[PDB]
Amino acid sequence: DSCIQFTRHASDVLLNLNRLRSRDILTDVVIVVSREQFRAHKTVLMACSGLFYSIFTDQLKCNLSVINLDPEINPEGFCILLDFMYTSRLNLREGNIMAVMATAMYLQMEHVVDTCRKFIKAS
């Protein structure tokens, strides 16, 4: 086509979606990870995760307001990944890299799994 493109548009959209999340505006699901609860937008979860994409395209699960993750999933690893989904920023540290990689493999977040594998290989 003959379209023009606004370079910062996608980043600005994600920044505003994160502002809505921080204010709990139009969040439509709670993700339960052990004792911890995380509110989010189903569409953002689907856009970032192969697991959530599969869950919310399911004709029955698409209507659930509560999703319980596998008890092996670490709440901190999930929190770091949820923050990444809404910001593009990953808080990857020596003390959390194993929990982050395991959570990203479960959530099917291929690019996060790839950087964790590379950072582990370096050490």
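Position 1 is the first residue in the sequence shown; the rest follow in order.
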Inset, instruction - Pick between 25 to 33 and 40 to 48: the one whose mean CA B-factor in the entry is higher. - result: 25 to 33
Legend entry - Higher-scoring stretch by recorded Cα B factor average, 97 to 105 or 10 to 18: 97 to 105
Inset, instruction - Place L60 in the lowest, middle or highest third of its chain's C-alpha B-factors, as listed in the PDB entry. - result: highest
Legend entry - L92, C-alpha B-factor rank within chain (lowest, middle or highest third): highest
